[PDB]
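Chains as they are written, first to last, in the entry's author numbering: chain A, 2 to 277, 291 to 385, 419 to 468; chain B, 2 to 277, 291 to 385, 419 to 468; chain C, 2 to 277, 291 to 385, 419 to 468; chain D, 2 to 277, 291 to 385, 419 to 468.
Protein chains: 4
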Amino acid sequence: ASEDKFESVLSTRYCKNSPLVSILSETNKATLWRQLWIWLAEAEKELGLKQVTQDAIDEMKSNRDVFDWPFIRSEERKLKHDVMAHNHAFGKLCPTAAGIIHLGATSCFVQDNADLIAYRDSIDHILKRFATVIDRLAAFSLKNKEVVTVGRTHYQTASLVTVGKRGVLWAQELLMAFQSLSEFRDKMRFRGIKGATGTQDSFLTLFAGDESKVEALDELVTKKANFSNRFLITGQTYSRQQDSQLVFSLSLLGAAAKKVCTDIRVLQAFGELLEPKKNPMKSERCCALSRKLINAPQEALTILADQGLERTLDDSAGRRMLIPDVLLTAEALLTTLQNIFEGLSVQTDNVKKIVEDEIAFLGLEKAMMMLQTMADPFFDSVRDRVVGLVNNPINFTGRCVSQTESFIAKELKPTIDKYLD
Amino acid sequence: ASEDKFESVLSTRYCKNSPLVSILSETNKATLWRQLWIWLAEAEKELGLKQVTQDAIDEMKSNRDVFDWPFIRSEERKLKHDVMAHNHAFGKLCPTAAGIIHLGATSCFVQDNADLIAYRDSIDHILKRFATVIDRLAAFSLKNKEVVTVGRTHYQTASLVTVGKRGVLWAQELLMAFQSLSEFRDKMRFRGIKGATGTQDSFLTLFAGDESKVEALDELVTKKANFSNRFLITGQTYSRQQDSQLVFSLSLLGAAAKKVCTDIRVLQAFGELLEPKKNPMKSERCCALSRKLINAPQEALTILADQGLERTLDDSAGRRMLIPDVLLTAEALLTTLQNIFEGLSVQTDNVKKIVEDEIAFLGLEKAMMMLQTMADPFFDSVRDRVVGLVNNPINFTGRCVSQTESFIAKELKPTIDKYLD
Amino acid sequence: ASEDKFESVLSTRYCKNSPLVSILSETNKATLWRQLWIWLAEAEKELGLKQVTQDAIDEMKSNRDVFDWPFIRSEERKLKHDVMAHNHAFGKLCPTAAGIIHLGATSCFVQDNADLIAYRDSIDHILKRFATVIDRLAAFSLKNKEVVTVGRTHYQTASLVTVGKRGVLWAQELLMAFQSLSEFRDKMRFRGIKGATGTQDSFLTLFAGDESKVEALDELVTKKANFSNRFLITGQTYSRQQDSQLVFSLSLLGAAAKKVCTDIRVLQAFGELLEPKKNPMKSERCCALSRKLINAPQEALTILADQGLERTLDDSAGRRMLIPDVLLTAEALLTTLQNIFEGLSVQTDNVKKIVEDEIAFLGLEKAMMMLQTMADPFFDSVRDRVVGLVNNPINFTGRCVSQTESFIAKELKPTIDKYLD
Amino acid sequence: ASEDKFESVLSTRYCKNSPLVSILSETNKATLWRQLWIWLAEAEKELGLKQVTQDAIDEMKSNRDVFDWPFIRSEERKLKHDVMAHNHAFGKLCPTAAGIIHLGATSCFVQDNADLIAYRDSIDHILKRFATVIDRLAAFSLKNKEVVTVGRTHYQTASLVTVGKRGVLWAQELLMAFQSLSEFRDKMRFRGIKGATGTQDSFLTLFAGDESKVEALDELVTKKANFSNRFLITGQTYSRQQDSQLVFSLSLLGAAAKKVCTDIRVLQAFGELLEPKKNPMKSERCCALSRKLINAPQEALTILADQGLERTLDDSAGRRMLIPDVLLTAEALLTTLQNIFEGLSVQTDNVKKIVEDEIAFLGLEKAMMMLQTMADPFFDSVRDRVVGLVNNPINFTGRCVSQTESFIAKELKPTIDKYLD
């Protein structure tokens, strides 16, 4: 039974229905390794390396998805190198191509580039879910753009705002995180071909000293992998600073989400909101997931700081554990946020009452600045105006309404629209 | 295929042969929940609560290890509460005991206490492995207690030490971490019975207001669970400050191990040591695992800081992901350290040469303080003494030898001996 | 003007009246360096090193507190080594002792040991303030041991507790932090004399090879410095793992305090408490200070992990910035907590009302378990009992009262009493 | 004496000559507060608020830099609010303007906006120093673009590279950090006018309900403060997510710098480089400073996550301590890096020898791939080619040379050139 052994709670519970569970699986990674060896073979052939035949390539393409795990496992045992084992395994499936698989390339060629492909694919799915989450929150905000409630500083009544303005305040936190992850996705650079230390000496020799062919190969493989950007300067691997940026972008989602979810939990305790005695359990799961993403950046940064010269392998086990975990955690977090925003509702009776218990004083503070219970005379020059505000709280909310609408129409939608359907 | 879905690399790779994979499994946790309900039932009966019959208890004890996962899963679906689902499931297996299962107790009774039992058991196994690791390092140190090499500050020659003194320097870092985890294990407090908010009101009513019976029950269950200490004051759960201490103790192992492994990696690069071109891959895996434990404390501390009043559930998902991960990471780290120390060896030819290229100058520095190539006269009062040191480097190492032996005999062994066999 | 240049906000604002500002000053550190050179001189003389005369020692003791900063500054310039500069400066003040100052010792002798003395002294003051803080909270708890209020899970009504039980829940968090810092203080180990790499070779030669004299000197200096424990095994410095423990203990205070202060801020927002519209500004400052201590442990752990072989100086600037900051932050935090607990009060009218709006339902839940508005019949066997609970909420709080008293009398007081007056 | 009290080691030692010490001083902050009140007054007047006279504004502009600290201090005492105290103080200096100072604005108006101005100014200076640092490293790299040395993986010989390629590898890490901080600087958004809760209700009333005037005022003040971007949506303060981005950008500098400095420290230990027995003390200070920036991001992220609703003040003390510290630490780090790169040199004799001891084997590995000591026959088809590589190591470095030049000319210079002179 699967329950008899420790299991990833993210994979088996919080993200069981996410495509990330497939994207980040060993099978998909090994598949990407083969796909990369395929593209490498195709590009080298296209560039004149005759030793790579079309028959060899056809075997590779035909057997890309065929995995003999029992065999692969024994191979990873005889020789303690996964890449070598998989190359050997792929070699036995494609005997004609066996000799040219990974020709001139380093193991890091498939390892690093497969991670980048797996990561970006995962990020693309996260971005679609992210957009939906933000869209749901925008819907909630518009729906409540004119529902008055008390603004709070130190968690205490400070003025009057609208549920919608606050909804947009939360929306902005999430939108800025979205924009960060969105920009990271556009700027992500592919490693391409760089050799074992980054000099490309093996490929150069392979091309009899022609550097333009080495550059063309690097560009060609990058193009096949569907990347617009690639590193030109590297050691054995692409800069781990790129991974820090990846983790940080997701940590922004965590910080933003935790602020939003804690607000909802507090507001629910105040009796103002109700997430889909009713406990805000979804919001609490949201804070737990968010807390994890928030505490991840410093490890990624330390990984970079710990990289020795052209490369030290103290990053492998660390990257293998860290990155897939944050990607999945972010997805589980977004799924939760989506549930919350789809059914989040306002306890209008409680909100109206909270507003009524505070509006007299906010009115008094208002009269004092402009300078019922104000028949002195002394408020004679501001009595009617204040009374009007008290009978129409919405006029006590400054520009909450227009701010809410313009932000959504001119900033939020234009930003996420391209990710929604 | 298991490879087709994301898997915990710790569970499936770095710790596949560890009993922690069984101890931290869902099956073991659910089993502990049942064991706790059993002990609760036994204690309540022993204390006079007649509603708990021996037949009910016998059903429970007989069916403790019988799991109908397909049923349990559907139950966790109809009702979104694992504990309730498992209670229901255990109830169907024991129809006579169904009505008294968890009588007066809260879900946290099994949840919190099962974690504590699972954690301590895991810690006990970690401590046995830890002791073996330290023992191996002590063996290495004794073997090299008189093998001279250069001491280094800023990674550069500063004097002469012995490989063994350095081995004991590393041993102390690990021993202090061991002592921290060892003390934490002895001081760990059980939650026992506390009710949903920590007042024990349900048990009090159950005992018709007799507080001594409530206290006796709390003590009795703690005794059955094999804990010498228990909290008296709590909210719904036992203080998450205890979990911070747990994570911190393991972070000490990480800091210590990373310092040791980085030293070995650097020494191997210098050509002085060789872990079992030879790359220090095991030491690198050690730094990656260590880095993870080092970056965990702040999350545990934040979990405590985030706990609201008697309890907020923003800690569950967080604890479920954090603690089992650090426990497993520590075990994988210790397994690696053990491999390293069992076959770590000294490249005596290289060490001897490094010592020879530096000993002339260390000798010169020595003569200068006491005040061949010193025939001036000027060194006439210290020439023979220095020459003697250069022909016998070991006499240039101060008290390295006695320090190494006394530390091992009087501090290291007495501390770990009780955990070795 | 001092305002014209960046200033430490801790030193100039949050701790301006604390003795830590004097204890952690450069003058006190240099003074400790001189005191250490004095003790070293005395011990070496007591052990037979005739070159150290009583006249030399008298100069040193007489001029220990005389600082010519302008001169010292120019000296720290000509030669880029503070210790050497101060030795030179102290040498000019004591021309007879100039030649034997720091005889056989390394710079780290004064640096590391002065830090330990400064740190422990700072910790002792922190412990006295800590005890007072806990004492104030215990006073508050006893005063409210029978003031009923609602218990909360997910920040929502879950039962009835007493303000005092909650006060003791907070008290325990702080007490466990206190015990950690208190134990660290008792176990703190002195570096003593160890040489530049930890072998004590210089002192050995100084004593003509007699190791017992080296050990006696190490013990003697430790005794003069008033330390019961000292390291026997070290590299150039004492293990930075000790500093991690120091920072972690203070991080426990931060986690505990933040949980307590956040609870108070939330309770004040609920209208249940009032710290000395009233905003909980002191509690907010408490969370900010606490947050800083919580985010410090991982840096200290990384410092240890980064230590290369016998020593790398990448820890100096880091330690100089980190440790004094956490010590001061903890003191500022404790001062704030003290203010809060001395005037914290309960809004009894609001609490009574909150209890009344919830007690009917808690009563209903109570009747359901035991099995006005219960005249069915159906509650006929529990109507009077529940009605009694509703007319006497205190009987609805389980063992809150006895738990509060026994914890304070048997755990809290015995622990802090020795630090209060 | 200043030495008699704890001092900021950054302000008094590591950055004593930096303009950040002036920019981040209390005097400069209070000056910015006054400047902001001045701009607010000017804009409100320009927009029709007649109550603001030109005489009032002239007093303010004339007395902007006049500080009566003794008075200000007593004022900060009578009333426990710095902003109110400074307003009062500025009011006494400008009796005609006293009544309209900060008209309609919140304290956060000067607090938040002054921080943003102080921060950006500090960042601008950091960017100029950063550019110089990168320029120095590029100079070093070009100078050594053809100096061959061994490439290293696991800190061990893996191939041949050029000192310059490695220099450019380091340069890229720093350049990516530079680009991050550079982009953050361009995107930084001003808070502008938003009211106490973000609704701008006070300004709206002040403009008799005309929203365009409120928007114009917000835009006008932003323009006067010299900001191209401003937030439209906020609570009381501008999003603390912006501060997380600020801290993270600087943490990138720390991660990059630590990787670079650790490499230099290791290379110096190998005898390949020498920073300006020679210990790499500057590089060690660099790692200590870098470590601090690396461990800062998570606190900034937690600050955001902890922000309650429109605002909670648990961020003030935290921000006041965190941000100025990282800004100064980054400046001290850059100053150190600059020193290092200006005099960093290669120990050409040692490098040449290290290359010679390894080039035979690298040659053997090379021959094996293409398929003296190779006279078999068996190498007959590759003997001359390999021999040529061994007599000309530079041809063994793949594309190191062209990569180094193109990166510097096409990526590094175009990026930093605008910041150098």
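Beta carbons are placed, not taken as given, at the ideal position from N, Cα and C, and that holds for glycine.
Is the CB-CB distance between residue i and residue j below 9 Å?
i, j, result
"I234 of chain D", "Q173 of chain A", "yes"
"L323 of chain A", "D264 of chain D", "yes"
"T444 of chain C", "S160 of chain C", "yes"
"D244 of chain D", "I118 of chain D", "no"
"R231 of chain A", "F191 of chain A", "yes"
"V448 of chain B", "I455 of chain B", "no"
"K166 of chain D", "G199 of chain A", "yes"
"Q157 of chain D", "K291 of chain B", "yes"
Please state whether DSSP places residue i in a helix, a strand or coil.
i, result
"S63 of chain C", "helix"
"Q321 of chain C", "coil"
"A57 of chain C", "helix"
"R153 of chain A", "strand"
"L104 of chain A", "coil"
"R231 of chain A", "strand"
"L275 of chain B", "strand"
"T158 of chain B", "strand"
"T316 of chain D", "helix"
"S252 of chain C", "helix"
List the residues of chain A whose Cβ lies closer than 7 Å to the Cβ of residue i, in chain order.
i, result
"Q157 of chain C", "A270, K291 and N293"
"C447 of chain D", "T200"
In chain order, what residues of the same chain lie with their CB nearer than 7 Å to the CB of residue i, ignoring the 5 residues before and after it?
i, result
"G92 of chain D", "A99 and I102"
"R121 of chain D", "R186 and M189"
"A344 of chain D", "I127, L251, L254 and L307"
Please list, in chain order, the chain B residues whose beta carbon lies closer than 8 Å to that of residue i.
i, result
"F249 of chain C", "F249 and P311"
"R305 of chain A", "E313, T316, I317, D320, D328 and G332"
Might you give, ordered along the chain, the residues of its own chain that have their beta carbon closer than 8 Å to the beta carbon of residue i, omitting 5 neighbours on each side?
i, result
"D125 of chain C", "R186"
Counting only Cβ pairs nearer than 7 Å, list the residues of chain B close to residue i.
i, result
"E298 of chain D", "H155"
"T28 of chain A", "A2, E4 and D5"
Are any of the Cβ atoms in chain G nearer than 9 Å to that of residue i?
i, result
"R266 of chain C", "As a matter of chain content, chain G is missing from the structure shown, whose protein chains are A, B, C and D."
So which residues on chain A does residue i lean against when the C-beta distance must stay under 8 Å?
i, result
"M382 of chain D", "Chain A residues near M382 of chain D: none, gap ~11 Å exceeds 8 Å."
List, in order along the chain, the chain D residues whose C-beta lies closer than 9 Å to that of residue i?
i, result
"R65 of chain A", "Residues of chain D passing the Cβ test: none, with the nearest at roughly 26 Å."
Closer than 9 Å by beta-carbon distance: list the chain C residues that pair up with residue i, in chain order.
i, result
"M177 of chain B", "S240, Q242, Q243 and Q246"
"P338 of chain D", "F7 and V10"
Show which residues of chain B have a CB atom less than 9 Å away from the CB atom of residue i.
i, result
"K146 of chain C", "What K146 of chain C touches in chain B: nothing, since even the nearest Cβ is about 13 Å away."
Assess contact between the stretch 204–215 of chain A and the stretch 137–147 of chain D, defined as three or more Cβ pairs (one per stretch) separated by less than 8 Å. Is contact present? no
The stretch 6–24 of chain B in contact with the stretch 48–65 of chain B per 3-pair CB rule at 8 Å: no
For the structure I just gave you, are there three or more beta carbon pairs, one from the stretch 246–260 of chain B and one from the stretch 216–229 of chain B, closer than 8 Å? no
For the pair the stretch 372–382 of chain C and the stretch 35–45 of chain C, tell me if three or more CB-CB distances fall below 8 Å. no
Could you check whether the stretch 102–112 of chain C touches the stretch 30–43 of chain C, counting it as contact only if at least three pairs of C-beta atoms, one from each stretch, sit closer than 8 Å? yes
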